[PDB]
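Only one structure is covered here, and it is reproduced in the block below.
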Amino acid sequence: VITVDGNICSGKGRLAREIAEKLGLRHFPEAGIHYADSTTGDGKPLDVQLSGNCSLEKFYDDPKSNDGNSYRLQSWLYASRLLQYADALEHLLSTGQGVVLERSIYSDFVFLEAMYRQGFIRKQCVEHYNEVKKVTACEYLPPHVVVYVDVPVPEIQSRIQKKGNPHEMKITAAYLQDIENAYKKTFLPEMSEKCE
Amino acid sequence: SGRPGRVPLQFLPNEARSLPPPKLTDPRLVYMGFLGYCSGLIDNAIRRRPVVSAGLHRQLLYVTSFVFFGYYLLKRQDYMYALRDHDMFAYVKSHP
Amino acid sequence: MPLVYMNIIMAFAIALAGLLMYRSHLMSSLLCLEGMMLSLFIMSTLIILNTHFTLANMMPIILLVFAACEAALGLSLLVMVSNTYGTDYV
Amino acid sequence: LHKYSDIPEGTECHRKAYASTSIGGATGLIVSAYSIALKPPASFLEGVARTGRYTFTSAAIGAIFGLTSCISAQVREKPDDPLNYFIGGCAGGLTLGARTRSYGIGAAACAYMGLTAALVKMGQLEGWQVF
Amino acid sequence: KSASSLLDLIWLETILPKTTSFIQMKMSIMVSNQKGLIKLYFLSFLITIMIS
Amino acid sequence: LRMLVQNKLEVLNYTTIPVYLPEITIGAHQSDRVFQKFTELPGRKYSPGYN
Amino acid sequence: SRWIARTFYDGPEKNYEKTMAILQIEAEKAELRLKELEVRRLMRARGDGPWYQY
Amino acid sequence: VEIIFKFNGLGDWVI
Amino acid sequence: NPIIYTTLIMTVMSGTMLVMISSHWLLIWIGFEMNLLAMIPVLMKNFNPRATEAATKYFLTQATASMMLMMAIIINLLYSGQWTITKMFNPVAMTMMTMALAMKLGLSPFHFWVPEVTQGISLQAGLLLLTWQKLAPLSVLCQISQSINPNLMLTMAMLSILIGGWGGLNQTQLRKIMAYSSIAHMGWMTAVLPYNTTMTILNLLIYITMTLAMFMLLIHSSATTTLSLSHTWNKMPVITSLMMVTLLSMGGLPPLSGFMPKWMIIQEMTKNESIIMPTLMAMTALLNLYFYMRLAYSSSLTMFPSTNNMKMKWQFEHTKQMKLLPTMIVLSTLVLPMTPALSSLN
Amino acid sequence: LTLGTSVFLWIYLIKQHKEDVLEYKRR
Amino acid sequence: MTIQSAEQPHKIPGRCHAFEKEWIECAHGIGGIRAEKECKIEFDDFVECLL
Amino acid sequence: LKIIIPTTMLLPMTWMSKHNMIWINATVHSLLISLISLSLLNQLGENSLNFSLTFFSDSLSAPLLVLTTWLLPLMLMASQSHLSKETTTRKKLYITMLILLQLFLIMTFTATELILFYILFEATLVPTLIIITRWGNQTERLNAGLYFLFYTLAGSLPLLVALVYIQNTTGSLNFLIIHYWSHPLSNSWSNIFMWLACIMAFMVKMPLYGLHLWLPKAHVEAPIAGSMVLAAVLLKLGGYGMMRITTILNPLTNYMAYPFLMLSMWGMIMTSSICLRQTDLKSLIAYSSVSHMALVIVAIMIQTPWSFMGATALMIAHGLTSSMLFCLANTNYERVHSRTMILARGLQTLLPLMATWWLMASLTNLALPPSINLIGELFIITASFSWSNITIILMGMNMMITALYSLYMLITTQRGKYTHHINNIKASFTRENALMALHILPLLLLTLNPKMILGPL
């Protein structure tokens, strides 16, 4: 299975488009708040209130909300993306066909890695996140078969301006730069050794 | 156990048989019925299910199951008690 | 009962007390247990030799087998505990 | 215990008191034994300090219990009713109260040890089988 | 000063709920001593055999 | 590993670990209520094949 | 009162006969239980009986 | 022997 | 792979059946011995740094127990030249056979291994350890009930109940609690054993049914630590709403089935006089009940705060249904007006 | 399948009962 | 495999076959309990046969 | 066996009832079954009525049985607005607790074997526990559950072993024959422990002054449907059983009554005195309840026939009046959530008819003629006075303080100024008036025909 690791705003979408065309297996659709709802039975998104009770737009509009949404989204997304793995890796063990994931769990290290730096989330939120990380991820053994990628921070800032959504435009730069910095500094630095 | 005569693993002696069988609607027995019934119901409720109306099939399986085993178990019951009563009286003649 | 039997039995009692005083790395315990095994063996065989209760000549060896067998198992567990530490009961 | 059992009645208080002292000493050695077994004292001298503690305490309790009981028997000269032990029972706790240097534990020990002893005597009178 | 308070809210409750409820605190922390080192209770098996 | 891929709650089994950080955790009233609301949906009262 | 005594209840007689039969039955069980304990103590004491022998 | 249970003593050959 | 796992578990079944069949002693000691070798590996599935020393505990105690047992058999033979079960003919030997079996049941003060070992393994291997392993040693005690030295038996039989109590009030994570529950019920089984074995076997059946109910439920919810159990009220409310009941049946509140054991036991011992012992025993059984109740408070009766992440899990039904479960609940609860049927056990 | 087995346990039960009563009358 | 006698290869006698044989012939319907009374003498001689 | 089946039958009816209609179902049929229960009352002037081998209906049980059947609808009327926002399955689950409970009562009153009577006597413990613990308000209820529980069991368990013992030392455990085959047990020491073993559980379940501590702390916590039963009935059943087992004992009772007569004769004045100064009403009522039960328990122990007559009467009367005060207090607690009595203040000013019920209820609490409460009490004072001429000086003080605090709860939570800001009150629902009228009317009709309530003696 192949999970492209495009790391940007509007460039995130660009990464997905290249990946979808690239692989025969169905492309990851992002698997965000209603990603579970897609598989649930109705196959359809619910209200945000119970399906996730996080809402990303309410992250970007007021990051560092007194309500810990800044974290509540993070961890919720991680659980969903974990399920993503399960939705597709099982299919890998079934039909034996390749299948194309969009972003995958190893990539979720970094958003929190920066949010902690901008201070959007308190440290204990992090400690919870890495205990649950260690407890859950460790048993999943094989990773990879997937392509890392890069885009300039400023250039993504440029496409971000081009991008229609207001919330995306608001997003801060220094945060995103901290993302790309830690992301390249550690994520590829460890994972490539396994993918090799 | 260890009583003279008799053989080990047979569930029920031919020496029984002579005792009347429990009648079909002995209340104890029907209670085995409902016992199976409720078990059959919890079988639904645990596995979500729309309780009662669903799987009325299997529910019937359970009630027939436990009433069935309950029957023979009742036979061995009466056999055993009749047995101790018999041994007791024989012994009271044995040592007047 | 002739004194010799008493002596072997006592060797058993020591072969137990040694198992239970139980100290440091546990490999000593698998030893002490096997010693215990050996004392039971000998104490059995002397008896079967005594009364010429011939069929039971088969038992001691069979005893030995399983007993040795479990001890043979025991080392394996020790391996695992040795595997993460370099063994100690402590 | 069979030795202690042949009181008789309460005659010769010393003869009895020595036996009760013996029983108290025995139980003290047992409690000390498991205590050392399950609470590794560290530095063995402390361990014998511990066992000296418990042994002496339980022996004391047995002594004082025995002699107060027999004295009450030889004074009230009732002498067979269960209450005859109960004082000693109540006394015993106080002994335990002294070593612990606490009014609380001594107070509770008085009451419960008293009731236990009273039940024991009552049992000798009634042949209660326990086992 | 008495009846509502010390006689029935503070002693009459001390004498048998709080007693047992405390004694089980002590005993329960004593028996379940958290540790679990082998040499300990294993040696205890020894002496309990010697007594038995 | 294939057995683990199936029965996804298992892969989710540790994601609901009780650590009780104030932002994640929810008081019993809101949870009892919201889940009381989740059952209100047409496809959720029962296992999917039965509803 | 008469009409009630007709439609609902009954003379004492049924109560009385019922009480009779009850006392008889339960008495019989009582004596049987005691006798059974006798039989059991003896039979275990001696082994002479069919159903305690090892 | 008084310990535990009696040990009859003398030489082994006797049995 | 399952094909080997099943052979192990079947040879455990055989390794106990063998004890339940053979009359010759040597085949009994073989029965336990084969049982052991086949019991250790099944504790080592998944395999943890923790699980390893769990198995070390279990093996070490079972091995020394089997040793003392064989020694006491040999001494029995020395003083009567027999191999048939029957009465033993030398008290110094007999007390040791009682000790060896006392370890095999895990009765106190030999008990300390059981709460620990349970901690080290998954609830599958756990349940199997607390039920199937309790058969064989009892299977031999029923055969040597004839000559038991009742004093020695009732003392461990009581002390098992006190220790099975006090060590039960203290713990959080459920498995250790299940350990103290079982270690407490064994006191009730082995208590009445000198007096009347049929009551023992009755109580045994109830105990096994009960602990099957619990462990199937814990499996069904994958709860472990008490708090972990606390969340379950919102996800699949029924099963917490059913743990309540099965717990009460552990507690022996009288309408419930679990009362049937105690209330036959009290009968039997009372025929023997021995009136005081059951009173202390029954009083302490209360203390045993109390932590079932507190554990009930964590779970069904009251709602500990849910964690958010739970919500997605609501969409996903539990799978791999365990067929035998519902009946194991129901038999372990409602069966009380079916005591007399106990005489089927003669 | 299971329904048929269930009916079978019935008819077998009423069978063995029925004959059992007769054997009772005889003995 | 049970018992001192009970057919052994090449019909080799037990060392204490006789007292054992008598003692078992004494033991049947008496069963276990009364057996420890009435057959005591036989078992005694068998004991001295053993030790 | 005729009354008992339908009582089981409401359960299917409850579960299958339409989701918003269940209250009507349970209410209507519970009323009907009450009326069917009423036909039992006839009894006989000589022999105790009999039925199956396994049930019988002594005159002592019948009024109690009628009462117990009567309470279910009441608890429903009280409950059915207290809860509303609860999910349908949970509510439907909830009334099952109540009805299951009364089913155990109808079984445990008619007895007949004292082991059956026991196992039901203790079986009652579960549903009331569940109700106290899941639907009580505020935190303390959790702790309360435990006090309610162990105090029963710690009492009941020895009783259990004792029961088994007797059926071994004598023939059958059955009540009729043991009433006839009864033979004295006397002094020694084993027999004394037999005595306490056969008394302590019953003297726990109806609170005794040294042991009553759980009871207030139950009533503080339980949702009202739990309160009405826990007060009006379970105490009374403990009394019923203790009146039952006194067929044995004697002459030993003559020698063992004294300590408990001291805890009771003193505990009545004492608890009533504590009753004179509570912080909050819901407890005040509870201590009033203990303060009356002490009278029952001495009435049982002096064992004079007058004393049992008075025992029966007072048991029932106190049942109804106590339940009445509880619902009547819960109404305030719902209107203002104060709980503390001081906040209610001038409640009479703002609404009248409730003040009238306060009047009737408290008025019969103090017991004035010719309330069955009073006449129930006067007998036991008579027999007590026969038992000891001094005893009156104690009883009189009771009749003093039970006046005071009773009137007190009236004049403090009613007469006087309204609190200003408490706008919350909203002018009395029909169900409220309906409910308490349902308590109090039977209580007043009942005085016309005591002769059917005085019981067997």
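A note on labels: chains of the structure tokens are A, B, ... as shown, every chain counts residues from 1, and ligands are counted from 1 in their shown order.
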Quick one: residues within 8 Å of stretch 62-70 of chain A, only C-alpha atoms counted, chain neighbours fewer than 4 positions away excluded, as a PDB file with N, CA, C and O atoms, in the first residue's frame?
ATOM      1  N   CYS A  54     -15.357  18.350  17.156  1.00  0.00           N
ATOM      2  CA  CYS A  54     -14.090  19.072  17.099  1.00  0.00           C
ATOM      3  C   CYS A  54     -14.132  20.257  16.138  1.00  0.00           C
ATOM      4  O   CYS A  54     -13.838  21.383  16.531  1.00  0.00           O
ATOM      5  N   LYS A  58     -13.276  25.609  13.432  1.00  0.00           N
ATOM      6  CA  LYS A  58     -13.264  26.167  14.772  1.00  0.00           C
ATOM      7  C   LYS A  58     -11.902  25.956  15.412  1.00  0.00           C
ATOM      8  O   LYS A  58     -11.651  26.417  16.516  1.00  0.00           O
ATOM      9  N   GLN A  74      -6.731  17.084  17.263  1.00  0.00           N
ATOM     10  CA  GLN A  74      -5.520  16.309  17.016  1.00  0.00           C
ATOM     11  C   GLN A  74      -5.729  14.834  17.240  1.00  0.00           C
ATOM     12  O   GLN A  74      -5.773  14.045  16.292  1.00  0.00           O
ATOM     13  N   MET A 115       2.073  21.970  17.237  1.00  0.00           N
ATOM     14  CA  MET A 115       1.058  22.609  18.057  1.00  0.00           C
ATOM     15  C   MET A 115       1.580  22.772  19.452  1.00  0.00           C
ATOM     16  O   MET A 115       1.269  23.742  20.132  1.00  0.00           O
ATOM     17  N   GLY A 119       2.230  26.359  21.268  1.00  0.00           N
ATOM     18  CA  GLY A 119       1.543  26.387  22.540  1.00  0.00           C
ATOM     19  C   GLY A 119       0.043  26.195  22.454  1.00  0.00           C
ATOM     20  O   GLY A 119      -0.661  26.451  23.427  1.00  0.00           O
ATOM     21  N   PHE A 120      -0.459  25.756  21.303  1.00  0.00           N
ATOM     22  CA  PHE A 120      -1.894  25.563  21.170  1.00  0.00           C
ATOM     23  C   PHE A 120      -2.394  24.511  22.145  1.00  0.00           C
ATOM     24  O   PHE A 120      -3.546  24.553  22.571  1.00  0.00           O
ATOM     25  N   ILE A 121      -1.533  23.562  22.492  1.00  0.00           N
ATOM     26  CA  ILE A 121      -1.917  22.513  23.425  1.00  0.00           C
ATOM     27  C   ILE A 121      -0.933  22.414  24.573  1.00  0.00           C
ATOM     28  O   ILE A 121       0.262  22.633  24.413  1.00  0.00           O
TER      29      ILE A 121
ATOM     30  N   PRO F  22      -8.544  17.276  31.150  1.00  0.00           N
ATOM     31  CA  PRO F  22      -9.786  18.053  31.115  1.00  0.00           C
ATOM     32  C   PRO F  22     -10.334  18.343  29.726  1.00  0.00           C
ATOM     33  O   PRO F  22     -11.547  18.410  29.567  1.00  0.00           O
ATOM     34  N   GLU F  23      -9.472  18.532  28.737  1.00  0.00           N
ATOM     35  CA  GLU F  23      -9.943  18.805  27.383  1.00  0.00           C
ATOM     36  C   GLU F  23     -10.566  17.610  26.666  1.00  0.00           C
ATOM     37  O   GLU F  23     -11.510  17.776  25.902  1.00  0.00           O
ATOM     38  N   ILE F  24     -10.054  16.409  26.905  1.00  0.00           N
ATOM     39  CA  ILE F  24     -10.590  15.237  26.223  1.00  0.00           C
ATOM     40  C   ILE F  24     -11.791  14.680  26.949  1.00  0.00           C
ATOM     41  O   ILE F  24     -12.795  14.316  26.346  1.00  0.00           O
TER      42      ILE F  24
END
>> So that I can check the surroundings of residue H:12, please list as number ranges by chain every protein, DNA and RNA residue that reaches within 10 Å of it, counting only C-alpha atoms and ignoring chain neighbours fewer than 6 positions away.
In response: C: 1-5
>> Based on only C-alpha atoms, which of the residues in chain B come within 10 Å of chain G? I want them as JSON, numbers by chain.
In response: {"B": [1, 2, 3, 4, 5, 84, 85, 87, 88, 89, 90, 91, 92, 94, 95]}
>> Quick one: residues within 7 Å of stretch 6-17 of chain J, only C-alpha atoms, excluding same-chain residues fewer than 3 positions away - as a ChimeraX atom specification?
In response: /B:61,64 /J:2-3,20-21
>> Could you tell me which residues of chain B sit within 7 Å of chain I when counting only C-alpha atoms, and give me the result as a VMD selection string?
In response: chain B and resid 1 39 42 to 43 46 76 to 77 80
>> Contacts from chain C to chain I, 8 Å maximum, only C-alpha atoms: show me the residue list as a ChimeraX atom specification.
In response: /C:33,36-37,40,43-44,47,66,70,73-74,77-78,80-81,84
Next, the residues of the selection above should be written as a PDB file, in the first residue's frame with N, CA and C atoms.
ATOM      1  N   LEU C  33      15.678 -28.579  43.132  1.00  0.00           N
ATOM      2  CA  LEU C  33      14.519 -29.352  42.772  1.00  0.00           C
ATOM      3  C   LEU C  33      14.954 -30.668  42.171  1.00  0.00           C
ATOM      4  N   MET C  36      15.913 -32.957  44.711  1.00  0.00           N
ATOM      5  CA  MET C  36      14.746 -33.473  45.400  1.00  0.00           C
ATOM      6  C   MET C  36      14.202 -34.668  44.647  1.00  0.00           C
ATOM      7  N   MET C  37      14.140 -34.494  43.338  1.00  0.00           N
ATOM      8  CA  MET C  37      13.705 -35.536  42.440  1.00  0.00           C
ATOM      9  C   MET C  37      14.522 -36.788  42.621  1.00  0.00           C
ATOM     10  N   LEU C  40      13.682 -38.675  45.803  1.00  0.00           N
ATOM     11  CA  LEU C  40      12.455 -39.458  45.699  1.00  0.00           C
ATOM     12  C   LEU C  40      12.657 -40.681  44.859  1.00  0.00           C
ATOM     13  N   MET C  43      14.604 -43.277  46.970  1.00  0.00           N
ATOM     14  CA  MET C  43      13.754 -43.794  48.021  1.00  0.00           C
ATOM     15  C   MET C  43      12.687 -44.717  47.459  1.00  0.00           C
ATOM     16  N   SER C  44      12.270 -44.496  46.220  1.00  0.00           N
ATOM     17  CA  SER C  44      11.310 -45.417  45.638  1.00  0.00           C
ATOM     18  C   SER C  44      11.962 -46.726  45.268  1.00  0.00           C
ATOM     19  N   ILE C  47      12.678 -49.374  47.780  1.00  0.00           N
ATOM     20  CA  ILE C  47      11.487 -50.095  48.184  1.00  0.00           C
ATOM     21  C   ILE C  47      11.101 -51.161  47.192  1.00  0.00           C
ATOM     22  N   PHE C  66       9.260 -38.194  33.849  1.00  0.00           N
ATOM     23  CA  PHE C  66       8.502 -36.960  33.853  1.00  0.00           C
ATOM     24  C   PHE C  66       9.167 -35.945  34.707  1.00  0.00           C
ATOM     25  N   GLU C  70      10.045 -32.236  33.485  1.00  0.00           N
ATOM     26  CA  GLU C  70       9.616 -30.896  33.857  1.00  0.00           C
ATOM     27  C   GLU C  70      10.834 -30.027  34.073  1.00  0.00           C
ATOM     28  N   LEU C  73      11.967 -28.661  31.076  1.00  0.00           N
ATOM     29  CA  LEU C  73      11.193 -27.496  30.726  1.00  0.00           C
ATOM     30  C   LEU C  73      11.680 -26.273  31.465  1.00  0.00           C
ATOM     31  N   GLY C  74      12.084 -26.461  32.713  1.00  0.00           N
ATOM     32  CA  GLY C  74      12.271 -25.330  33.593  1.00  0.00           C
ATOM     33  C   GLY C  74      13.359 -24.416  33.096  1.00  0.00           C
ATOM     34  N   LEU C  77      12.346 -21.639  30.776  1.00  0.00           N
ATOM     35  CA  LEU C  77      11.788 -20.411  31.318  1.00  0.00           C
ATOM     36  C   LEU C  77      12.905 -19.543  31.823  1.00  0.00           C
ATOM     37  N   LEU C  78      13.909 -20.181  32.404  1.00  0.00           N
ATOM     38  CA  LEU C  78      15.013 -19.434  32.953  1.00  0.00           C
ATOM     39  C   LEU C  78      15.683 -18.677  31.843  1.00  0.00           C
ATOM     40  N   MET C  80      14.402 -17.361  29.285  1.00  0.00           N
ATOM     41  CA  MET C  80      13.673 -16.163  28.979  1.00  0.00           C
ATOM     42  C   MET C  80      13.931 -15.115  30.035  1.00  0.00           C
ATOM     43  N   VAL C  81      13.942 -15.525  31.294  1.00  0.00           N
ATOM     44  CA  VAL C  81      14.189 -14.550  32.333  1.00  0.00           C
ATOM     45  C   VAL C  81      15.644 -14.132  32.272  1.00  0.00           C
ATOM     46  N   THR C  84      16.313 -11.263  29.487  1.00  0.00           N
ATOM     47  CA  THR C  84      16.073  -9.837  29.649  1.00  0.00           C
ATOM     48  C   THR C  84      16.923  -9.205  30.736  1.00  0.00           C
TER      49      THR C  84
END
Contacts of stretch 28-35 of chain E within 7 Å, only C-alpha atoms, excl. fewer than 6 positions in-chain, as a compact mmCIF listing (two decimals) with N, CA and C atoms, in the first residue's frame:
# COMPACT_ATOMS: atom_id res chain seq x y z
N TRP I 166 -9.60 -10.07 52.79
CA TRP I 166 -8.90 -8.82 53.06
C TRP I 166 -8.07 -8.38 51.90
N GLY I 167 -7.59 -9.34 51.13
CA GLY I 167 -6.77 -9.02 49.99
C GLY I 167 -7.63 -8.66 48.81
N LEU I 169 -10.21 -6.27 49.12
CA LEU I 169 -10.74 -4.92 49.29
C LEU I 169 -9.81 -3.89 48.71
N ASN I 170 -8.61 -4.34 48.37
CA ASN I 170 -7.51 -3.42 48.23
C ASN I 170 -7.20 -3.04 46.80
>> Could you tell me how far atom CA of residue A:73 sits from atom CA of residue F:6, in Å to one decimal place?
In response: 25.6 Å
> Which residues, written as a PyMOL selection string, have at least one atom at most 7 Å from residue C:32, with only C-alpha atoms counted and residues fewer than 4 positions away on the same chain left out?
Replying inline: chain C and resi 15+18-19+28+36
> Skipping near chain neighbours, those fewer than 2 positions away, what residues fall within 9 Å of stretch 1-12 of chain E using only C-alpha atoms, listed as an MDAnalysis selection string?
Replying inline: (chainID E and resid 14:17) or (chainID L and resid 210:211 213 270:271 273:275 277:278)
Would you save the residues of that selection, restricted to N, CA, C and O atoms, as a compact mmCIF listing (two decimals), in the first residue's frame?
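selection23.txt written:
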# COMPACT_ATOMS: atom_id res chain seq x y z
N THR E 14 -18.94 5.40 65.66
CA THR E 14 -17.56 4.98 65.85
C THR E 14 -17.48 3.54 66.30
O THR E 14 -16.58 2.82 65.90
N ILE E 15 -18.44 3.12 67.09
CA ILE E 15 -18.32 1.86 67.80
C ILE E 15 -18.42 0.64 66.90
O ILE E 15 -17.94 -0.42 67.27
N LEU E 16 -19.03 0.76 65.73
CA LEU E 16 -19.11 -0.44 64.90
C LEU E 16 -19.07 -0.22 63.37
O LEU E 16 -18.62 -1.10 62.66
N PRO E 17 -19.53 0.92 62.86
CA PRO E 17 -19.09 1.05 61.48
C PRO E 17 -17.61 1.39 61.37
O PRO E 17 -16.85 0.66 60.73
N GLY L 210 -29.69 1.47 69.21
CA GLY L 210 -28.25 1.38 69.16
C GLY L 210 -27.74 1.09 67.77
O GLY L 210 -26.53 1.08 67.54
N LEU L 211 -28.65 0.86 66.83
CA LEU L 211 -28.27 0.30 65.54
C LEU L 211 -28.91 1.02 64.37
O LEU L 211 -28.78 0.59 63.23
N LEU L 213 -28.47 3.66 62.81
CA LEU L 213 -27.75 4.71 62.12
C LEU L 213 -27.91 4.70 60.62
O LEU L 213 -27.91 5.75 60.00
N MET L 270 -34.63 9.32 73.59
CA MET L 270 -33.41 9.90 73.06
C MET L 270 -33.54 10.34 71.62
O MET L 270 -33.31 11.50 71.29
N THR L 271 -33.93 9.41 70.75
CA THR L 271 -34.05 9.72 69.33
C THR L 271 -35.10 10.74 69.11
O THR L 271 -34.98 11.56 68.21
N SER L 273 -35.64 13.08 71.08
CA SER L 273 -35.00 14.32 71.47
C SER L 273 -34.12 14.84 70.37
O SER L 273 -34.10 16.04 70.11
N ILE L 274 -33.39 13.96 69.69
CA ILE L 274 -32.56 14.38 68.57
C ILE L 274 -33.46 14.91 67.49
O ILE L 274 -33.12 15.83 66.74
N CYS L 275 -34.64 14.32 67.44
CA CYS L 275 -35.64 14.65 66.45
C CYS L 275 -36.06 16.08 66.67
O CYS L 275 -36.47 16.75 65.74
N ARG L 277 -34.31 18.66 67.08
CA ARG L 277 -33.40 19.66 66.53
C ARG L 277 -32.65 19.33 65.24
O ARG L 277 -31.45 19.55 65.16
N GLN L 278 -33.35 18.84 64.23
CA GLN L 278 -32.71 18.61 62.95
C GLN L 278 -32.47 19.86 62.12
O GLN L 278 -33.15 20.86 62.29
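You will find atom CA of residue C:67 at 15.4 Å from atom CA of residue I:25.
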> Could you pull out all residues of chain K with a DSSP call of alpha helix (DSSP H) and give them as number ranges by chain?
Replying inline: K: 17-26, 35-38, 40-50
Selection export as a PDB file, in the first residue's frame, atoms kept: C-alpha atoms:
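Below you can see selection32.pdb, which holds the result:
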ATOM      1  CA  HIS K  17       2.012 -62.158  48.968  1.00  0.00           C
ATOM      2  CA  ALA K  18       0.307 -64.294  51.546  1.00  0.00           C
ATOM      3  CA  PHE K  19      -0.714 -61.837  54.244  1.00  0.00           C
ATOM      4  CA  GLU K  20      -1.808 -59.576  51.459  1.00  0.00           C
ATOM      5  CA  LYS K  21      -3.928 -62.260  49.841  1.00  0.00           C
ATOM      6  CA  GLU K  22      -5.647 -63.152  53.065  1.00  0.00           C
ATOM      7  CA  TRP K  23      -6.162 -59.523  53.889  1.00  0.00           C
ATOM      8  CA  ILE K  24      -7.787 -58.779  50.582  1.00  0.00           C
ATOM      9  CA  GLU K  25      -9.989 -61.853  50.691  1.00  0.00           C
ATOM     10  CA  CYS K  26     -11.173 -60.438  53.987  1.00  0.00           C
ATOM     11  CA  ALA K  35     -13.019 -53.016  57.148  1.00  0.00           C
ATOM     12  CA  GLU K  36     -10.624 -50.974  59.257  1.00  0.00           C
ATOM     13  CA  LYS K  37     -12.048 -52.701  62.292  1.00  0.00           C
ATOM     14  CA  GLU K  38     -12.580 -56.327  61.489  1.00  0.00           C
ATOM     15  CA  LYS K  40      -7.200 -55.074  61.373  1.00  0.00           C
ATOM     16  CA  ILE K  41      -5.344 -58.168  62.503  1.00  0.00           C
ATOM     17  CA  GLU K  42      -4.675 -59.259  58.949  1.00  0.00           C
ATOM     18  CA  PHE K  43      -3.430 -55.870  57.968  1.00  0.00           C
ATOM     19  CA  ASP K  44      -1.237 -55.905  61.032  1.00  0.00           C
ATOM     20  CA  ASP K  45       0.468 -59.110  60.123  1.00  0.00           C
ATOM     21  CA  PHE K  46       0.821 -57.667  56.669  1.00  0.00           C
ATOM     22  CA  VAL K  47       2.479 -54.609  58.143  1.00  0.00           C
ATOM     23  CA  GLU K  48       5.041 -56.659  59.947  1.00  0.00           C
ATOM     24  CA  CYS K  49       5.460 -58.527  56.694  1.00  0.00           C
ATOM     25  CA  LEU K  50       6.353 -55.257  55.014  1.00  0.00           C
TER      26      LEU K  50
END
>> Which residues are near residue I:264? Cut-off 10 Å, only C-alpha atoms, ignore same chain within fewer than 4 positions. Put them as a list in words.
In response: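 Listing them by chain and then by number gives residues 192, 199, 200, 202, 203, 259, 260, 268, 269, 270, 339 and 342 of chain I; 164 of chain L.
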>> Taking only C-alpha atoms into account, find every residue of chain K that has an atom no more than 12 Å from chain C, and write it out as a list in words.
In response: residues 1, 2, 3, 4, 5, 6, 7, 8, 9, 10, 11, 12, 13, 14, 15, 16, 17, 20, 46, 47, 48, 49, 50 and 51 of chain K
> What gap, in Å, lies between atom CA of residue D:20 and atom CA of residue D:62?
Replying inline: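 So the answer is 4.9 Å.
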Determine, for each residue of chain L having at least one atom at most 12 Å from an atom of chain B, the closest pair of atoms and their separation in Å to one decimal, counting only C-alpha atoms; order by chain and ascending number, as a Markdown table.
| residue | atom | partner | partner_atom | distance |
| --- | --- | --- | --- | --- |
| L:12 | CA | B:52 | CA | 11.9 |
| L:15 | CA | B:52 | CA | 11.1 |
| L:16 | CA | B:52 | CA | 10.6 |
